[PDB]
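Participant: Sharing a structure here in structure tokens format.
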Amino acid sequence: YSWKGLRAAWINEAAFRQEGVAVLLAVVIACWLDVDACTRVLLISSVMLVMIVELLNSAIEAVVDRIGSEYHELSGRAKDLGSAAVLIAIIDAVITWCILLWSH
Amino acid sequence: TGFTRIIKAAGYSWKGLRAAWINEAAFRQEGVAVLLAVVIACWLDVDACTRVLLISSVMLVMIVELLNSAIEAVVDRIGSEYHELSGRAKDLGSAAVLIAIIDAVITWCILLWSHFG
Amino acid sequence: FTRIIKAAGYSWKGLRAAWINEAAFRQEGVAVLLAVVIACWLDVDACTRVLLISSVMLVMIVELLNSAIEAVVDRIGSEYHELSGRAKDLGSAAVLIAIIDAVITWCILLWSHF
Ligand SMILES: CCCCCCCC/C=C\CCCCCCCC(=O)OC[C@H](O)CO
């Protein structure tokens with residue numbers, strides 16, 4: 001269950017690949033710069049959160065497709081809603097870094 | 001076509017935000033509360049760590065609520081095919097949102113009560 | 001206040017159902033209680049105390065959403081006879097990242113604290 005999903009998300013969508021490399025990249029940047037623990041955590045928790053949400057949205061997209069092939073207005077709403085949840089996570093993480101980084 | 005997809009899903013997301021605000025009423029109310037909290041945190045005299053924690057905590061609520069709205073949208077969709085509905089998934093979704101708000105409340109209280117006397 | 005009690009009730013019904021049905025959620029429940037007690041016990045600043053709790057809270061949030069997704073699939077697969085756990089896999093991956101995030105948070109904070 002755990003690892004099975006992580007791989008499929010990495011093989012299929014760049015939206016997870018781009019954030020995936022970002023997560024690794026963010027951790028490196030956080031550890032290199034001399035900041036306090038709270039700042040170190042907030043920078044990686046933000047980027048990892050986007051990955052967390054992206055995985056959940058990817059689960060939503062998977063269910064919608066399994067049910068039917070009809071272009072229904074409710075199922076289409078679901079994939080859009082989940083897509084918005086990731087957007088906020090991206091926005092939140094971007095806002096997070098900018099606020100914290102502006103010191104440096 | 002990677003550059004093209006950047007605006008593709010941007011359209012989906014923006015359409016999702018519109019869809020949430022119009023249909024979901026709980027998203028409307030929390031958004032009011034959240035947007036207020038964000039502005040307050042943006043004008044509060046606090047450190048960057050405190051400022052982020054104040055904004056992120058209420059932002060998560062919006063993120064969770066959106067996922068709950070997506071989940072409910074699937075249950076409501078499936079409700080077309082099958083007559084009976086436990087509502088067990090929707091209850092879990094509501095639970096998740098609750099914990100988010102609880103977290104946001106606890107985060108704010110702890111951060112303020114320390115920052116303040 | 002007309003409908004907000006109903007919403008909260010739904011949230012309670014879900015929490016109680018998750019506590020009984022899923023024993024993994026039971027483990028995460030104590031983890032939050034632990035995090036709260038540990039953070040309040042140890043002499044730490046507000047920002048650190050929040051991050052310790054918020055991490056474990058985040059896991060619990062994701063687990064509830066994951067359990068909600070699984071509850072959807074378990075309704076579908078029961079009647080469709082179609083059994084492809086693409087959703088339960090991605091859903092479980094999302095929880096794992098929450099776990100990892102909590103561990104790193106607890107590591108990074110406590111390592112700089114001591
Ligand atoms: C350094 C701090 C800021 C960066 C780190 C935090 C943000 C996540 C990383 C990259 C954003 C670009 C990659 C994602 C591109 C869009 C993905 C997308 O739209 O995915 C479809 C849908 O929105 C969901 O399923």
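The first residue you see is number 1, and the count goes up from there.
Structure determined by X-ray crystallography, 3.2 Å.
Cβ from N, Cα, C; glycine included.
Residues or ranges marked as divalent metal cation binding site in Swiss-Prot (evidence: experimental evidence): A:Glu13, A:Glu61. Look at Swiss-Prot and you will find A:16-32 tagged as transmembrane segment. Per Swiss-Prot, active site, proton acceptor is recorded for A:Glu54.
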Participant: List the residues of the same chain that sit at least 6 positions away from A:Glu61 (divalent metal cation binding site) in sequence and have their Cβ under 8 Å from its Cβ, in sequence order, or write 'none'.
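Facilitator: Correct list: A:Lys79, A:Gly82.
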Participant: Quick one: pull the CA-CA distance for A:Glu13 (divalent metal cation binding site) versus the residue listed as 'active site, proton acceptor', whole Å only.
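Facilitator: About 10 Å separate the Cα atoms of these two residues.
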Participant: Identify, in sequence order, the residues in the chain of A:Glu54 (active site, proton acceptor) that are 6 or more apart from it along the sequence and have a CB within less than 8 Å of its CB; answer 'none' if there are none.
Facilitator: A:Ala9, A:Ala15, A:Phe16, A:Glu19, A:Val86, A:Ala89
Participant: Using all protein chains in view, find how many other C-beta atoms are within 10 Å of the C-beta of A:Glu13 (divalent metal cation binding site).
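Facilitator: Looking across every protein chain shown, the total is 18.
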Participant: For A:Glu13 (divalent metal cation binding site), which of the three DSSP-derived states applies: helix, strand, or coil?
Facilitator: coil
